[PDB]
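Protein chains in written order, with the deposited numbering: chain A, 2 to 456, 478 to 500; chain D, 2 to 460, 478 to 500; chain C, 2 to 458, 478 to 500; chain B, 3 to 456, 478 to 500.
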Amino acid sequence: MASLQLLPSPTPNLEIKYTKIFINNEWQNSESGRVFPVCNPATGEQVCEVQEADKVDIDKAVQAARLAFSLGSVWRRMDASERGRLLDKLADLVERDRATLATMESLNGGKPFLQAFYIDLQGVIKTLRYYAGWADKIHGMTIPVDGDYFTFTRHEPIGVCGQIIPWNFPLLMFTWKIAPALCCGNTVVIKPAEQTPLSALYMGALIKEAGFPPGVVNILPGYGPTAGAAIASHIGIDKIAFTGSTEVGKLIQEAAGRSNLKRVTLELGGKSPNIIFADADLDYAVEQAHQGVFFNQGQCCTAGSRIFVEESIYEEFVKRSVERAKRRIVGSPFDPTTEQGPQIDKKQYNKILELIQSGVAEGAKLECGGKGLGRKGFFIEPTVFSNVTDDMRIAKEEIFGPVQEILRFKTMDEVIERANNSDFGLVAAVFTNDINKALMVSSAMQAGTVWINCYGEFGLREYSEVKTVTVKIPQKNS
Amino acid sequence: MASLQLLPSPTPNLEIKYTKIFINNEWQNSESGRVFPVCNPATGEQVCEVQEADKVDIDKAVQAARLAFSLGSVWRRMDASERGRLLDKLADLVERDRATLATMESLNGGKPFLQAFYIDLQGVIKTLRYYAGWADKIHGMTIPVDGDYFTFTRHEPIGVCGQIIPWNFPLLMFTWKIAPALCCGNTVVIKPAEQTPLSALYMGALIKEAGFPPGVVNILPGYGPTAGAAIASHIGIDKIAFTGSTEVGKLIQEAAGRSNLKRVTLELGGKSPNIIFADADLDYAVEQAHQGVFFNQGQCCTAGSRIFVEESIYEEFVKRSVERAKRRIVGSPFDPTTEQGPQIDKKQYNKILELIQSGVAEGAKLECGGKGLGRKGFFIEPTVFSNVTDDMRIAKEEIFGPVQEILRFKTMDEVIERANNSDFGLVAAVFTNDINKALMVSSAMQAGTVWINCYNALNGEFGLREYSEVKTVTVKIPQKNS
Amino acid sequence: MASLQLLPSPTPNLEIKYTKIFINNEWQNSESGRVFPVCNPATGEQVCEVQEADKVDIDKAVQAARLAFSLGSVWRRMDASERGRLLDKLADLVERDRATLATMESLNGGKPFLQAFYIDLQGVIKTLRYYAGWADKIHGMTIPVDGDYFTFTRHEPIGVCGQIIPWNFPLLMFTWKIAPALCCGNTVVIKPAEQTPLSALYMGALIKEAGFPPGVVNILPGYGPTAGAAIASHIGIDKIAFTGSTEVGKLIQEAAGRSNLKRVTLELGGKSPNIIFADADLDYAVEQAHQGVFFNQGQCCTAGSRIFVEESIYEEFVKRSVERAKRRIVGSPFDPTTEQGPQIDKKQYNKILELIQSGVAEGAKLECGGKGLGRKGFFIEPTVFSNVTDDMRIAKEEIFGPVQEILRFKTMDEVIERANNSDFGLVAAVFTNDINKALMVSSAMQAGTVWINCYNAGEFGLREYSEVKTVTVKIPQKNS
Amino acid sequence: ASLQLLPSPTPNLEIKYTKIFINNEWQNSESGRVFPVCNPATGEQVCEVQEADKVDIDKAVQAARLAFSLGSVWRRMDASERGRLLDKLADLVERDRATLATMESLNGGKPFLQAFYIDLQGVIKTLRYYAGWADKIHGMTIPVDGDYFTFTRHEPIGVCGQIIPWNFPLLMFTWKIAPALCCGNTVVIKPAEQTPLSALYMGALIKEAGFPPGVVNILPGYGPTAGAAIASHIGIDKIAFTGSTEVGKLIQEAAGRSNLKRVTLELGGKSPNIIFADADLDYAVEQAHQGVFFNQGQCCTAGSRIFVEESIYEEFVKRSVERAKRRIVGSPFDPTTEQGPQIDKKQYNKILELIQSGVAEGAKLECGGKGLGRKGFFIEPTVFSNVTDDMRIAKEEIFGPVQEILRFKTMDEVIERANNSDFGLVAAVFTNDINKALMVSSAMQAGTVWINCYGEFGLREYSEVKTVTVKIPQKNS
Ligand SMILES: [Cl-]
Ligand SMILES: [Cl-]
């Protein structure tokens, strides 16, 4: 019929071609010989085996990285505009294999294909294009200094950069770190999460195809306590970018000073409050806060369970809020109709349910859902809680799964104080129609980023270092 | 009960000590010996006489600025941070003689003394201080160019800058043109308006005192067709900054192209439409809309007489606004209770009246006022027009006086399309509590500046760009590395 | 091993497909029906006829651009990042058809094909790609202001932009104006030079093909006094960008001021003196000072003919230079061995010869060349001059042709004063290994740009194509 | 010829300020403990100062926190006002310039006229400079895909902890207090234990100038106590440290084990000097000389090593020995002294044992070599010759009146040698050859490179970005 069925479609015939270590544009086997399994979070099944990299592999990776960054290097003499062209060529290859890549992100990470294809991958391509445009626009400056002097600065690449990311948005994270860093001229030694190194490894292929000189990007799959720690402590690594759990960041900053005091960056958790006001149109408020709390199986750090709602509407919202969760299609990620895929791990799976129990046995009125779904996979039903208070464990601890707490507040000053209670880290999503309330909240919110009625230049600053030069001149004249 | 007048007081009948041309930190008489009167718009009585500059005087002024800007010059070798120290020192003096400068301001422009003291002179001091901090923070860049090259850019002063400003905010205008230009290292030949040259001449005194090298700032009171025209057509002036009527704006650019292609900046008037949605606190909207329309005697490019009010509340707004006018205190600018002083001239005066007559004799419902006040000075009573339509003349012609027109609208697009109708130039104030309306309206407004729930005296980093030119240098290097 | 593996060539008698006015992504014919010829500067022969635009034509183009910039507009709602992709797509299309484009550039302006291919179109493609990147990186700011307020600024496009450019680098010039403007969201009404509009119109074809909304780019071939004058006086163009002679520049600003006070930008000529000190590698210096004086047939504002050499090396330099000219290959621009092409006009041609003679009849020592070459075309032989002094007409007037004048000098304070003396407009190139001389000079040269040990004339460029809109909101209580 | 004097020390300077400064109040250490401060020229005790510890550092933070809380005066203060305060602070410093330079010259043993004309010049200058930055710190409006509007605000971090050395007490204190205050932060600064006077004094000025209570807190004391108390406090948002790398490692480690606060480290580093034969031997010798002996050599911005090109290695060493040979070492308050004492006995010994080391390894001790007399920590101007990369005095850094003079031949040589450094590097090159100046300046792995001599990025570590994006009905360019 007129069914426009033809749309993005995954690929069950997806056989993982890239499962080895990527160093100096070559696919190597782990020095030890060890190999680690990669599992499909929707069926419990094993997708394939990947070469487990360790201390030794990290050394070679770093060696190629430093060589690729040396003064002779093709990566060091290459015009900046060319680095951009390469980031741009890479973006083109990502578009070409957009499906097979979006498939791994679905297959390997359990994220509903249509979402992996239309959201995640859009970002991957978007950021690669965007940063490709920054390469030759990174500017230094000439400074007017007292005295017969002429000083000026040049922003230069730090050198060898170590990167370590989580499993929330495997490809996206990998890109968000690769682009900025390459953009600035650095060389990379990136360690993807152990439960999601596929798309990362695939990018390695595209990178070599795009034309990046050997040694610029090195991808070493393996375990955190091993490879990730060998990086965070490696002596010949100038900087390190980490993003994941706070408890592990501490080990990173500490191993940083211990080693060689290399520059360090940590992208840590943080709670994600939401403050819906009575003046906001209930309908739109519900959907958005519902998508903001359930997106990416609710297990994404950029999500936020807690949802402060104004009393005048606390009634309806709760009811509407549960109707949605009820109709939410949870199924196989390859199914174009499923909205919620499985959780990433059994370890993760339990930590969620285990916290769902806490709530129930503490006053939280379970409005719907509450337990897992079936055999295999790691699905959990859309859980919505009611009558929640700040002293509960489900309100204190963040729920990294399909669980949304609905709280109630009366005064403004209130929510501001309640939502600001966060020990480092915070993101807010206010919903109003009142310029004043919006302005006040977005200001009083001790949050790194605020959204009003919805749920760049500062990026490539940590991937470059300043080099000032000052020259004595015969006589100075403005 | 313990109410004492701690309040600042306008020095009684100030003695105008400065009335001559200011060149090379020296006070000269007019080459021709000509002279022109300065008058009190509040009484219509003369205040003093000022030397009259002309072609020949402008010429000596340009020679002065030129020499003060040459390669060896103290002003050219001075550290940027020192120019900053000078702008700040000048700010100190303005603060010291703040009372007498606000006195001339009020005495020559007929503006309420307390306003000239707390608003105008606050700004004078503020902008001076502000640019002082900018002097050593103007940076250039280093660019990554393909090839084994290294290019960079310095931001250097332009040279001699001619400046011409109006009578609306004599001291503010003078300051806004001076600070940025000196800040960047230029030399100035500035021509105040013929009706308001005093406050400016006094600044010449403080400039010499502060420490500015001779020739850096040259002030020449005089007329447009002569003094101003000689500046615009001058073969030795590198840049000219003008603010005033668009009619004269055209002569300035033409003179420029016809003479030496000097750089040209034009600050022209324009309409300043107001939009009041029914969801805005009606009380605060009447005060603000009233303050933005009748401020500085309504005669100020930054004031918008026309006011679009939403039907749902048109009724009320018209009533609240007339009360405000009736209670509007209009008196001698030295009385600390006067909220409105006289219009600047008889010419201005007449233009407002005859224009007001039009409205009345065309449909507009004259809610109140409509004629002048007593004898002496150029005071006009707070007029308020209602049932005004776009087609009307008062609607198409701006009202540079104590006159406000209230119009009614229904849809949003309407207000927007209607308000947007203008020719090159537009400032706009909007009042709502609806974030969406504020946003739609703020973006859709073809204006250079938009205020949301406030008016404020209109017109940073973008300011000192016009007072400096870019110089780039690219060096061939052995090999380019990251 | 005799590797006759070659592969870079024009196109056999190219058929000029695009010769009509380009409005609203549509090819029109002049309202009047008038037409002007375009000629091959090498043969003197006619290449084709182009529709000649005038007042009326300009009006429609302005109308289409106007509509293309109005609120709801497709080009106005487009994401900035999308405007950028469009410029990148245009870059791609320019890459695909690079051969035909460089052919026209050569065939129409008379510049050696190989140079047009590897230089001019590299620039076109490079600039297009470059600005395609700036599109979503034009930021405004949040300003810490006094009181309980919050002010922020937005850099919006100006509106309808007229653009008028010369024949020196047809495609390069065109690109340099289009990219910055489109990159900022404006709409354009562009008028190429009467002697070189082909590459221009072809770009119109590519523009439509790339995806640009109709009305965004309008291209109108025609004459200066008519079409160019109607753009400068048009009551509905918000800004004009002109590059050409200072004499015409003067007229542009006047018309600007006498009409609607549109923004005006003038890219005028100027002198481009070079300075050569004994400490520089005489060999290298001669090679750079040579290309930079004979490049683009010497008729490139981005390069002067005057060269100040230090007494110590003046001798060897004069000989080193003459030997270079003597070995310069002038001939058909389609022949890959040719370095120098024909001058652009009969008019420009005579102006060069009359000027050469002048030098001869005034004392300058003609070391070589001094007259045209053969019949057909406007070629002039590499002409070098020795013993030249400032007071000489040739020294005072620019020699927009294949002619280098070599002036002698001794003290630094000297050259620095001589090089400077100029009425609005200066660019300088200095060769030395002395950080000191290089410094004193580069900071003393009243030039807009200065080259040290090289010679071949960003963020500030996309500033003239956008204006500032500052918004400020009143807020309950302000906190840092 | 009859002459006159004008620039002079505050006679028999008495120390009015010796307590801890918290909430614009002078408190006594909780423990009640007190520590001494000494004159490095004589060795005698100048006075005693209250000693802060974990519990004191605790009150300060409470003070700073409250002073940074929303409603606060300092948080609502127009940004232009923070600048006026800084400027008034610069004025108050100009007024008491003489006595401040006195303490700096009496506490750290630096020659008064330099402490007056140099050190204090920088204190006032940098205070004036940042005064001017306070209302010019901008965020941006970013064009975003979709119907959105996103903007950023550069806001102050909050509570900053500062720890500086004794090389330039006041300057250091100033360089760290200015940017931070300029950005709206509140401070808890800990001066070195051997030089707290000038700092504590500034405390009085800060209060006099009008800074609200709790914005700045000066807690003098020891590092393993006060310094660590700061580094680990759970309520300090950011920490700025400048000093030795060995302690830096403890700093970063501590901040990681605690609350993951931001950490900055201004650490050591060698300051090589390369001199070519083409540079003017005269200028070159005097410049390299002043650059290695300034502040008595005991200052990070001083580099012992001085690579000289063979062609002129001869004369350079001679002209240099003559220089050292005529350097006047005397009392800090005598207008003719060019070199005061070393800050400490501990630092004193180190310098000597390191001098003996060189002599005992091949170095050709051209002049000087030992201390001077009794009382004080003076050390005669030392100058080595024929030094090689392997020699200890060359590998390790000499923070005293000691200058080495290595020899070299090719450019590639010096570039490789001088470049050899494990994190941290600054360099000076002398030539009249643009190329060498370029090849070298870009090949040097230094944060800064000086050529023929020896801002905006500063106010960046004291603020964070807060991006906000609003949904709008429909977007238009
Ligand atoms: Cl004329
Ligand atoms: Cl006319």
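Don't be surprised by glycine CBs; every beta carbon is placed ideally from N, CA and C.
Going by DSSP in three states, residue i sits in which element: helix, strand or coil?
i	result
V146(D)	coil
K498(D)	coil
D391(D)	coil
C184(D)	helix
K348(B)	helix
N437(A)	helix
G225(C)	helix
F37(C)	strand
Residues of chain A with CB under 7 Å from residue i, in chain order?
i	result
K498(D)	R78
Let me confirm a value: residue i is counted as buried when at least 16 other C-beta atoms fall within 10 Å, else exposed. Which label applies?
i	result
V404(D)	buried
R328(A)	exposed
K366(C)	exposed
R376(D)	exposed
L354(D)	buried
Starting from the beta carbon of residue i, find every residue of chain C whose beta carbon is closer than 7 Å, and list them in chain order.
i	result
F425(D)	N261 and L262
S444(A)	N499
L283(B)	By Cβ distance, chain C contributes nothing, its closest Cβ being about 16 Å from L283(B), past 7 Å.
Less than 8 Å separating the beta-carbons of residue i and residue j?
i	j	result
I220(D)	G237(D)	no
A133(C)	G212(C)	no
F386(B)	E368(B)	yes
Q196(B)	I345(B)	yes
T227(D)	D55(D)	yes
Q47(C)	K21(C)	no
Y350(C)	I381(C)	yes
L68(D)	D121(D)	no
Which chain B residues are close to residue i, counting only those with a beta carbon under 8 Å from its beta carbon?
i	result
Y131(D)	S82 and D137
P181(C)	Within 8 Å Cβ-Cβ: nothing; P181(C) doesn't reach chain B, min ~15 Å.
So, at 6 Å on beta carbons, what are the nonlocal neighbours of residue i in its own chain, with the 5 sequence-adjacent residues on each side left out?
i	result
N275(A)	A290, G305, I308 and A430
Please list, in chain order, the chain C residues whose beta carbon lies closer than 8 Å to that of residue i.
i	result
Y19(D)	Within chain C, no residue comes near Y19(D); the closest Cβ sits about 31 Å away, beyond 8 Å.
Which residues in chain D sit within 7 Å of residue i, going by Cβ to Cβ distance?
i	result
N437(A)	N434
With respect to 7 Å, is the separation between the Cβ of residue i and the closest non-hydrogen atom of ligand 3 below this value?
i	result
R78(A)	With respect to small molecules bound, the structure shown includes ligand 1 and ligand 2 and not ligand 3.
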